[PDB]
Structures are given as C-alpha cells and as structure tokens.
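> these chains are from a complex, not moved at all, and more is on the way:
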Amino acid sequence: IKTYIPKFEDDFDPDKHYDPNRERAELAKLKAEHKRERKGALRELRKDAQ
Amino acid sequence: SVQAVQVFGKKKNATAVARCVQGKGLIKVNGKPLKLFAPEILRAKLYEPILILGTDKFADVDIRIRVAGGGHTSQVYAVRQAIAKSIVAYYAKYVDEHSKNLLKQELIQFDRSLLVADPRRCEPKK
Amino acid sequence: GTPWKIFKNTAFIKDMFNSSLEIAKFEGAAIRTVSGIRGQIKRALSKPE
Amino acid sequence: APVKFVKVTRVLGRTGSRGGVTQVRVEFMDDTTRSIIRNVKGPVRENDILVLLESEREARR
C-alpha cells in the first residue's frame, strides 16, 4: 500500500487559528474581534439605558 | 323513490361522500375511474373489500364518490370506508336483511375499521 | 421614522436611525405616531442596519 | 448437542431481578412432567413455547 503522510501541525494549540494565507487569517481575526467588540458595546448600552 | 343511499366516510381530516344508486357496475371517485384514483401502490388496499365481497355484489349498483381533505393515506382510507358503509346501507335499504348481515359479518370479520369511525384519541397513560 | 412592514399590533420602522447601537440606547422607550397611538420601542432589529 | 422444546407454565412473582430479565417457570414439551425455573430476558407472558440448550442446570437469581 502507498502509505500516506499525516497532515498536521507541529506546535499545535486550540487557541491559534491556522490558515496559510495571512491575508484571510488576519481578516478572520479582525472580523472576530469586531464581532465580539460590537456585542460588548451593545451590552454596555443596554445595561446603561435600563 | 329511485334506489338511492348516501354514506360518508371518516378519518382524522379526510372525509368522503359516496352515493350508491342502482346500475350495472360503474365506479368513479370524483368522476374519474377507481383504477386511476390512488397513489397506485395503495390501489390494492382500496381494492380490498371488493376482493372480499366478490364483484357480483357490486354488479347491480353505481357509485359516485367524493373525497376531500387530507393526505393520501387519509384519502384512500376514506374511500374504502365509504365503499363498505355504502354497500352495507344499500343492501339494508334495498335487499334482504340477511344479506346485509352477510356482508357485515364477513367484512367486520376481516377488519374492524372498515365500518366504524374509530377516532384517533388523546388518552395517554394517566 | 417610517414604517417598513406592519403586522397586526407590532411593527417595524425603517428610516429613523442608522445603528442598533443607537437603538440599544433607545430601548424600552416611548413612541407616538401621528394618529394617536402610544406605543413602545422594544428591541433593535437585526439585518437591516 | 440436542435442543429442548419447553413451555412457560408460570411467570414468577418477586425474584428481585436485576434488569428486565425475568425468572420464569417452564415445563418440558417432551418430558412434560419435568418442570424447572429458568432465566428469560425480554417481554414474556404465561403459557408459551420456548427453545433451550442447557436443561440440566438450574438457573439462579
């Protein structure tokens, strides 16, 4: 049988996203930061006005 | 006056109307032929009380059938109960009471729901 | 404002704000359309900004 | 390696059975006098035929 190569990462962690293209990698990072940020500010304004 | 009986048929939300009058044997559901009305694999299930009665019972009559409401299984079930209850009532009003008892004994002896609107009820274990 | 879609008793409103941030300042508040209908701003709407 | 036809005569009252298995009373189809109690899982009623392999051993709790 032609055995195959386990595609994997040497220094692995659950907490770093792994993307070859740095452009879409940082784009996903900025997108996620903007998302959690908007939720945070929504939290702030809602508790204030209540 | 003219030989006429008229009989319903019941399911959850299927319901069917059938009119048994004298004839030579034509059978139509909504005006189209019986061998045309079903999802064609249940056509045997619809054929059933014919196959217990023998066609010569159905030889002297003519039935229009109405169905409405509900899905396919529902409809075919309504057609068969209308067939059964209608042919029993036609024999009741227009031939021997012993022959009505004959069809009722035979058909019920086969399957209970061919004569009774046993409704799907709501009594779970209380 | 201006009404966008109108169900029976609740209603969406179109061209009044820009951001649901501003609406989440404006939560639970009071809104009185011309005719005479008192009513309550409940909650921001998601997809139209 | 013969096979024994048997029948349930009586299901039993208060075995304290672990799980849905039931201790039951069976009487043979061949040696109809010889009647023992054995172990049966699953739904079971009185008075019905069963098929077993090991007849000599008595089944415990």
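Perfect, thanks for sending it. Numbers count the residues shown, from 1 in each chain, chains lettered A, B, ... in the order given.

> find the closest residue to chain C in chain A.
residue A:45 (4.5 Å; C-beta to the nearest C-beta). In this view, the C-beta of every residue, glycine as well, is placed from N, C-alpha and C.

> am I right that that residue is in contact with residue C:20?
No. Using C-beta atoms under 8 Å, residue A:45 makes no contact with residue C:20, being 9.5 Å away.

> tell me the contacts of residue B:61?
Residue B:61 sits next to B:20, B:21, B:22, B:23, B:25, B:87, B:90 when contact means C-beta atoms under 8 Å, 6 or more residues apart in numbering or on different chains.

> dead centre of chain B: give me the residue that sits there.
By C-alpha atoms, centre = their mean, chain B has its centre lying nearest to residue B:83, at 1.6 Å.

> so it sits right up against residue B:63, yeah?
Yes. Between residue B:83 and residue B:63 there is a contact under C-beta under 8 Å: 7.5 Å.

> follow-up on the earlier one: helix, strand, or coil at the residue of chain A closest to chain C?
helix (DSSP: H, G, I helix; E, B strand; the rest coil).

> residue of chain C nearest chain A, please.
Counting by C-beta to the nearest C-beta, chain C gets nearest to chain A through residue C:24 (4.5 Å).

> now the helix or strand harbouring that residue: buried residues?
According to DSSP states H and E, residue C:24 maps onto helix C:20-25. Neighbour counts over helix C:20-25 (16 or more other C-beta atoms under 10 Å in any protein chain shown) mark C:20, C:23, C:24 as buried.

> next, count neighbours for residue 41.
No chain specified, so I'll use chain A. 11 (other C-beta atoms under 10 Å in any protein chain shown).

> chain B, not that one
Neighbour number of residue B:41 under other C-beta under 10 Å is 7.

> was I right about residue B:26 contacting residue B:62?
Yes. At 5.0 Å, residue B:26 and residue B:62 qualify as touching, with contact defined as C-beta under 8 Å.

> contacts only, for whatever residue of chain D ends up closest to chain A.
Using C-beta to the nearest C-beta, the single residue of chain D nearest to chain A is residue D:19, 40.9 Å away. Counting by C-beta under 8 Å, 6+ apart, residue D:19 makes contact with residue D:41.

> ok, back up a step: neighbours of the closest residue to the residue nearest to the centre of chain B other than its chain neighbours, how many?
Using C-beta to C-beta, 6 or more residues apart in numbering or on different chains and skipping the chain neighbours, the partner closest in space to residue B:83 is residue B:49 (5.7 Å). Neighbour count of residue B:49, defined by other C-beta under 10 Å: 21.

> to the structure above, add chain E:
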Amino acid sequence: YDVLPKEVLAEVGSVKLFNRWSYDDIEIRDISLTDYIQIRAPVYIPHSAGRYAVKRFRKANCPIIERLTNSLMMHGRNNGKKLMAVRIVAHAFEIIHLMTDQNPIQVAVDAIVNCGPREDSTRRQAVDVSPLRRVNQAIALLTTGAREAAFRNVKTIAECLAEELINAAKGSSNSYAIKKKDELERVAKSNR
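To build on what is shown above, here is chain E added in:
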C-alpha cells in the same frame, strides 16, 4: 368485473400478498414461533394503519410483513416514507421470487425462524430469551444488516434486503444477520 385490472381479475380467487403471493401452504418450522408468527389473517398490503402497539403483545397479532416494513423504516431520513418502505418490500419480493423460484413468504418465515436467537447475556450473565424478543431482534438484525450493506453501496437497499433475506433463509455464514446471531449464540455458550 366492474373496475378491476386484468391481473386482479386473474387472482380473484384468494388473497395474495401484493396480489401476487399466497399465504396458503406455508409451514411453520419453529413450533415455538407458531404463535408469534401471525399468518392466519390475510392482508392485502401491510400498510394497514392500525393500533397494534398500545397494549401488550400486539406487534404479535398484527401480520408479520407489517412488522418487517415498520422495522425497515428505522433510521433518519427513513422515518416517514412508509410507502417507500412497502415499495422496498414489493421490489424485494419480486427479486427473491425471480431469485428463488419459491414463495417469498415461505422464504421470509424460513429466514426469521432460522435467524431467531435462543440465548444471550446481560451485564456478564448468560440467560435464555423470550419469543417476542426473538422475532424482534431477528427483524431488527435483518433491517440493520440490509442498511449496512446498502450504506455506501451501489446496490440498492431493496436488493440488499433481498440478498440478506435469501441468505438468511439459506442459513449460510454469508449473511450479517446469521453472523451476528451465531455470535450471540456463541457468546451465550461462552459465558454459559
């Protein structure tokens, strides 16, 4: 005749399953299962929406092919289409007749009688079985093995149940149902 196609006109005589196959000269090999194989009452198609599930032991009193088809529709997208399931049954009986030159009900009763297990273990203690759980585990094994060989198959589920059933009647080790039932019997003997 009133409106009965020529084939129904031909089999006007007695009840035929799918109006093609009779229940008449079908023996019961297992005297145990002589009760819980319901073969007395004819059925024209097992798509008989009756309440054989309310009280004790009425999956028994309904005729067996209904049990087969109900067990066949036991997986995810196969949860509604009881019509598709009886279509499988009709197709597969056509198959096994053209494969066996025999009566399909005879093939089926032979299959379930031959594939009923007798003993198994509980969490491990080896005990005997009940006849209802026999027929249930039998039909369940038949269905699941059929779907297992039809999982990513090019052969359809219809022919898969067909082959599973004819292999079940033949009793050879080539059936998953027999392989599993024999494994249950051998592990029952193992613990003992």
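
> revisit the neighbour count of residue B:49 given that chain E is now included?
22.

> residue ranges of the strands in chain B, please?
B:4-7, B:15-22, B:27-29, B:32-33, B:61-68 (DSSP state E).

> so the residue in chain E positioned nearest to chain A, which of the three states?
Of all residues in chain E, the one sitting closest to chain A is residue E:152 (20.4 Å; C-beta to the nearest C-beta). Secondary structure, three-state DSSP: residue E:152 is coil.

> so who does residue D:41 touch?
D:19, D:20, D:21, D:22, E:120, E:122, E:127, E:128, E:129, E:130, E:133.

> nearest residue to residue C:32 in space, please, no chain neighbours.
Residue C:32 sits nearest to residue C:38 (C-beta to C-beta, 6+ apart), 5.6 Å away.

> now do the same contact list for the one you found.
Residue C:38 neighbours (C-beta under 8 Å, 6+ apart): C:30, C:31, C:32.

> out of these, which end up buried?
For the contacts of residue C:38, buried by 16+ other C-beta under 10 Å: none.

> let me have those residues in TSV, adding secondary structure as columns.
Below are the contacts of residue C:38 laid out as TSV (three-state DSSP):
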residue	secondary structure
C:30	strand
C:31	coil
C:32	coil
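
> please report how far the residue nearest the centre of chain C lies from residue C:26.
By C-alpha atoms, centre = their mean, chain C has its centre lying nearest to residue C:13, at 4.7 Å. Residue C:13 is 11 Å from residue C:26, where distance means C-beta to C-beta, to the nearest Å.

> and residue E:15, by the same measure?
Relative to residue C:26, and taking C-beta to C-beta, residue E:15 is found at 74 Å.

> what is the burial count for residue 11?
You didn't say which chain, so I picked chain A. Applying other C-beta under 10 Å, I find that residue A:11 has 5 neighbouring residues.

> my bad, chain B
23.

> next one: phi and psi at the residue nearest to residue C:32?
Reported as degrees, to the nearest 10, the phi and psi values for residue C:38 are phi -70, psi 150.

> any idea how far it is from chain D?
64 Å (C-beta to the nearest C-beta, to the nearest Å).

> what does residue E:183 give?
Taken as C-beta to the nearest C-beta, the span from residue E:183 to chain D is 16 Å.

> what of residue B:55?
Taken as C-beta to the nearest C-beta, the span from residue B:55 to chain D is 42 Å.

> swap in residue E:6?
Distance, residue E:6 to chain D, by C-beta to the nearest C-beta: 44 Å.

> sequence below should go in as chain F:
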Amino acid sequence: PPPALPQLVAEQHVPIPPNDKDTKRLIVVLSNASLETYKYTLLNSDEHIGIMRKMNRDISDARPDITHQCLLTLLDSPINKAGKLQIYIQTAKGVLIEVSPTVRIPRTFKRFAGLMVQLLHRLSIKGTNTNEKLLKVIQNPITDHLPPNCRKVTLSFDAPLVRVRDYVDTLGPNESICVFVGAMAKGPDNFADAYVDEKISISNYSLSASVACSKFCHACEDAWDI
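With chain F added, the chains above now look like this:
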C-alpha cells in the same frame, strides 16, 4: 484443476475497506493506554518525571513511548504492507482510535506526540496529498467496529500456554482475529474482561506488548505465507 494463470505484473495489495466484514484478517487494539495532555505536550516521564513525582501518582503510567514503539512494530510489519493488518487504540478515558494501514507515523517521538495531541483535540487526521482520513478518533464499544466471527483474544501471564502457530491454525477460515493488548507498563489483566473470549500466554517469560504482537504477527505471516 487449472494451473491458476500467472501474474505478468505485480499486485498492489489493497487494504481492507471499512465496510468489509467478510474476510479473515488481523486487528490489534492497544488498550489501556495513557495519553494525557499538559500545557501543549503529552504527559510523559521525560520532563513530567518531576511533576508526577511531585503529585505522587504512578509516573510509570505516563508512557506513550510504549504505544509509539508498538505501533511502529505493527505499521512496519509486512502484514500491513500486504494489507492484512488493522489497528485500534483504546485508552483509560475510554477513547478509541482507528489506525489505518496507509499511513507512516514519524519515527520521531516528539513529532509523533504532537501528532497525537492534535489527534486528541481535532479528532481526525487527513493526508497531505490525499483527502482521505488516516487517524480517526471513534467511540465505544469496540464490538461495533469488530467483525462478528472473530476470536476475541487477549494476552496475559497466568493463562496456560498454547502455541501461536497452533492457535492460528485453530482459527476459522473466514474468521478474522483481533488481539487486545494492555500497553501499560505495570498493571493487572482486567482491562478487557468485558470483551475477551479467552486469555492466553505465549511464552514463559514476562513480555512487552511490542514483542507480543511482533512474535504474534510474524507467526500469522508464517501461517498465511507472507
């Protein structure tokens, strides 16, 4: 009988597809493993000698090297090359790993260990050139993945001695076999009682699981002419 026409080309020796339960074949499950994670590396005796010496609970259990070398034996054995070998791993959290034929594991223990941690979290490992799944984390009980007609055996010490060649000719024709091996350093043989047909012993001396499965698979390759 016909002279069974010759092979003018060589043969590829396909592995065993996942849906096949027909054939006789050989499977081994490395049960009672110890692959825990620390932070992100596995838990061993290499540097974690100190931390498990501090917390005082069985440093000699944190031994993934046993697994590494035993799977090296199994993957490099010619039964896998012809494609008659299949591997499962079972560990004390209850976890099951399918180890396929068509993979090379890095001989390097550290790349191996990082591969194992990535396996333990992502629950799958894909090829590089190929889209197929290689190492795949799956579920209990092993009976679901084990074919029915097999001799579900494990190795122990106090069990009597039969010859492995005697047992592999004792085996049924269609009947495959798996072997349950407790790859821990020290411990009792209760790890597969809920699955085992029978415990055997092959030699008088106490043995490692690696030499166990190695001598075993070589004897099966003898009896199956590899």
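
> check the neighbour count of residue B:49 one more time with chain F there.
Residue B:49 has 22 nearby residues by other C-beta under 10 Å.

> show me which positions of stretch E:180-192 end up buried.
E:180, E:181, E:182, E:183, E:184, E:187, E:188.

> and these as CSV, adding secondary structure?
Shown next, in CSV, are the buried residues of stretch E:180-192 (three-state DSSP):
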residue, secondary structure
E:180, helix
E:181, helix
E:182, helix
E:183, helix
E:184, helix
E:187, helix
E:188, helix
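
> ok, of those residues, which one's closest to chain D?
Looking across those and measuring by C-beta to the nearest C-beta, the closest to chain D is residue E:188, at 8.1 Å.

> touching, that closest one and residue E:122? I think so.
No. Look at residue E:188 against residue E:122 with C-beta under 8 Å: they stay out of range, at 10.7 Å.

> contacting residues for residue C:12?
Contacts of residue C:12 by C-beta under 8 Å, 6+ apart are C:3, C:4, C:5, C:6, C:45.

> could you redo the last one with a cut-off of 7 Å?
C:3, C:4, C:5, C:45 (C-beta atoms under 7 Å, 6 or more residues apart in numbering or on different chains).

> OK, contacts around residue F:138?
F:96, F:98, F:145.

> follow-up on the earlier one: who touches the helix holding residue C:24?
With C-beta under 7 Å, 6+ apart, helix C:20-25 has contacts from A:41, A:42, A:45, A:46, A:49, C:17, C:44.

> pretty sure the first one is in a helix, no?
Right, the one you point to is residue A:41. Yes. Counting by three-state DSSP, residue A:41 is found in a helix.

> tell me the contacts of it?
residue C:21.

> which residue ranges of the chain form helices?
All of this refers to chain A. For chain A, applying DSSP state H gives helices covering A:22-49.

> hmm, no, I was thinking of chain F.
With DSSP H as the criterion, chain F has helices spanning F:49-55, F:64-76, F:78-82, F:109-122, F:164-170, F:209-223.

> ok, which of the ones you listed comes nearest chain B?
helix F:109-122 (44.8 Å).

> get me the contact residues on chain E for chain B.
E:1-5, E:8, E:18-19, E:44-45, E:47, E:49-50, E:83, E:86-87 (C-beta under 7 Å from any C-beta of the partner chain).

> go with 8 Å
Counting by C-beta under 8 Å from any C-beta of the partner chain, the residues of chain E lying close to chain B are E:1-5, E:8, E:12, E:15, E:18-19, E:41, E:44-45, E:47-50, E:83, E:86-87, E:90.
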